[PDB]
Structures are given as C-alpha cells and as structure tokens.
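Structure record follows, encoded as structure tokens.
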Amino acid sequence: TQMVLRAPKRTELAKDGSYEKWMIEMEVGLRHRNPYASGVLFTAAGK
Amino acid sequence: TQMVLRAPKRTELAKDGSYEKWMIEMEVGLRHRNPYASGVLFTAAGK
Amino acid sequence: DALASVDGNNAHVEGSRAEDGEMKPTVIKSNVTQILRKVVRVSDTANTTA
C-alpha cells in the first residue's frame, strides 16, 4: 500500500525581488505486510 | 483607556521558501484622566 | 528600407522588355530593453497616531 501524510500541494514562498519562487511537496511512505511474503530475484552473470 | 493603534496583522508571506511562521503584533498604550483622581499606595518598611 | 539611387533618365521606347528591373530588400535593426526598479520599506506602526 501507500501511506500519505501531506497531499501534493502547490505553494509560493516569500517573494524577494522578481524570483516568484514556487514548489511542490509530498510526504509519502511505503508499507509491506509479512516481509517474507513478497520475493525479489536479483540478476547474475554467467561465464 | 486601553488605547489601540494597530490591530494584529501580518505581512506578505508565502514566497515558497522557509515560511509557515506566524506572529501576533499589537500596538497599545495607556491613558489616565485627571491624574489627581486615582491613587497609588506603596509599601513602607521604615521612615 | 530605401530606394536604389533613383535617376531622372527613365525614358523608354514604346514597347520593350523588362530587363529584370531592380529591387532592394529591407534592413533589420534591433534593441535590448532595460530593467530599473525602486524599493522602499515602511513600519506599519506609524498608523495608530495621526
């Protein structure tokens, strides 16, 4: 699954001069039940 | 009278920077009518 | 644009070819802008009084 804390939000910070700075932030985390449930198979080179 | 000059207000924030800091300003003064109307009583130890 | 040094000898016979004539293109002239700004500050505490 995917846990979200701060949804993607557009905001403008303290303008100075003619910067017109903007930014987007998103606080997200990943979960996995039963660590021994999913599987991973890395690669390897023969010869 | 609790003389008030400037009510709490904020400046131009949100330049998409290190913002999200707030403040509460207040401009206040004191005034008395007919100084020889009220009274003050200090504490005395000796003479 | 301009003209190609006009002359006062244009007297052609009655009926002939064009000789391809003559033409002159235009000329481009560009300029860059300038940015000048003024800044000021004021303390909002100067409003309670008159």
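Residues in the structure tokens are named by chain (A, B, ... in the order shown) and by number from 1 within that chain; ligands are numbered from 1 in the order shown.
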After a least-squares fit of chain B on chain A across every C-alpha pair in order, what's the RMSD, to one decimal? 2.9 Å
Hey, list the chain C side of the contact with chain A: 12 Å cut-off, only C-alpha atoms, answer as a list in words. residues 35, 36, 37, 38, 39 and 40 of chain C
Selection: 12 Å around residue 44 of chain C, only C-alpha atoms, excl. self and same-chain fewer than 5 positions, as an NGL selection string: (:B and (5-11 or 25-27)) or (:C and (49))
Output of the above residues as a short mmCIF file (atom, residue, chain, number, x, y, z; two decimals), in the first residue's frame, restricted to N, CA and C atoms:
data_model
loop_
_atom_site.label_atom_id
_atom_site.label_comp_id
_atom_site.auth_asym_id
_atom_site.auth_seq_id
_atom_site.Cartn_x
_atom_site.Cartn_y
_atom_site.Cartn_z
N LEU B 5 -3.61 51.29 18.59
CA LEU B 5 -3.18 51.98 17.38
C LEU B 5 -3.20 51.07 16.16
N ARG B 6 -2.63 49.87 16.26
CA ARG B 6 -2.57 48.93 15.15
C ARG B 6 -3.04 47.57 15.63
N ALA B 7 -4.09 47.05 15.01
CA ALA B 7 -4.58 45.73 15.35
C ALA B 7 -3.64 44.66 14.79
N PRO B 8 -3.67 43.45 15.36
CA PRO B 8 -2.78 42.38 14.87
C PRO B 8 -3.01 42.09 13.40
N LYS B 9 -1.94 42.24 12.61
CA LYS B 9 -1.98 41.96 11.18
C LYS B 9 -0.64 41.35 10.77
N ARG B 10 -0.64 40.71 9.60
CA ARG B 10 0.53 40.02 9.09
C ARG B 10 1.00 40.70 7.80
N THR B 11 2.25 40.44 7.44
CA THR B 11 2.85 41.00 6.23
C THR B 11 2.62 40.04 5.06
N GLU B 25 1.19 40.85 16.33
CA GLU B 25 1.65 42.18 16.71
C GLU B 25 0.50 42.97 17.33
N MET B 26 0.85 43.92 18.19
CA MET B 26 -0.15 44.76 18.84
C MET B 26 0.49 46.05 19.31
N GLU B 27 -0.13 47.18 18.98
CA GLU B 27 0.34 48.49 19.39
C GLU B 27 -0.66 49.09 20.37
N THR C 49 -1.28 56.72 15.47
CA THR C 49 -1.35 58.16 15.66
C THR C 49 -1.88 58.81 14.38
#
Show which residues sit within 9 Å of residue 2 of chain C, as a PyMOL selection string. Count only C-alpha atoms, and ignore same-chain residues fewer than 6 positions away. chain C and resi 24-27
Between atom CA of residue 37 of chain B and atom CA of residue 4 of chain B, what distance in Å does the model show, to one decimal?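 Distance reported for this atom pair: 22.9 Å.
Taking the backbone of this structure through DSSP, the residues of chain A that come out as strand (DSSP E) are residues 2, 3, 4, 5, 6, 7, 8, 9, 10, 11, 12, 22, 23, 24, 25, 26, 27, 28, 29 and 30 of chain A.
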Determine, using only C-alpha atoms, which residues of chain B have any atom at most 8 Å from an atom of chain A, and tabulate each with its shortest atom pair and distance in Å to one decimal place, rows ordered by chain and then rising number, as JSON lines.
{"residue": "B:12", "atom": "CA", "partner": "A:14", "partner_atom": "CA", "distance": 7.5}
{"residue": "B:13", "atom": "CA", "partner": "A:14", "partner_atom": "CA", "distance": 5.2}
{"residue": "B:14", "atom": "CA", "partner": "A:13", "partner_atom": "CA", "distance": 3.8}
{"residue": "B:15", "atom": "CA", "partner": "A:13", "partner_atom": "CA", "distance": 2.1}
{"residue": "B:16", "atom": "CA", "partner": "A:13", "partner_atom": "CA", "distance": 1.9}
{"residue": "B:17", "atom": "CA", "partner": "A:13", "partner_atom": "CA", "distance": 4.2}
{"residue": "B:18", "atom": "CA", "partner": "A:13", "partner_atom": "CA", "distance": 7.1}
{"residue": "B:19", "atom": "CA", "partner": "A:13", "partner_atom": "CA", "distance": 6.4}
Please produce an output containing C-alpha atoms for each residue in the selection, written as an mmCIF file, in the first residue's frame.
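Output below, filename result_35.cif:
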data_model
loop_
_atom_site.group_PDB
_atom_site.id
_atom_site.type_symbol
_atom_site.label_atom_id
_atom_site.label_comp_id
_atom_site.auth_asym_id
_atom_site.auth_seq_id
_atom_site.Cartn_x
_atom_site.Cartn_y
_atom_site.Cartn_z
ATOM 1 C CA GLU B 12 3.168 39.435 2.761
ATOM 2 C CA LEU B 13 4.301 35.867 3.462
ATOM 3 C CA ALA B 14 4.347 32.738 1.260
ATOM 4 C CA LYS B 15 7.267 33.258 -1.111
ATOM 5 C CA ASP B 16 7.531 29.440 -1.364
ATOM 6 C CA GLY B 17 10.500 29.375 0.999
ATOM 7 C CA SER B 18 11.060 28.798 4.725
ATOM 8 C CA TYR B 19 7.644 30.283 5.578
#
What's the separation between atom CA of residue 31 of chain B and atom CA of residue 2 of chain B, in Å to one decimal place?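 According to the coordinates, atom CA of residue 31 of chain B and atom CA of residue 2 of chain B are separated by 7.3 Å.
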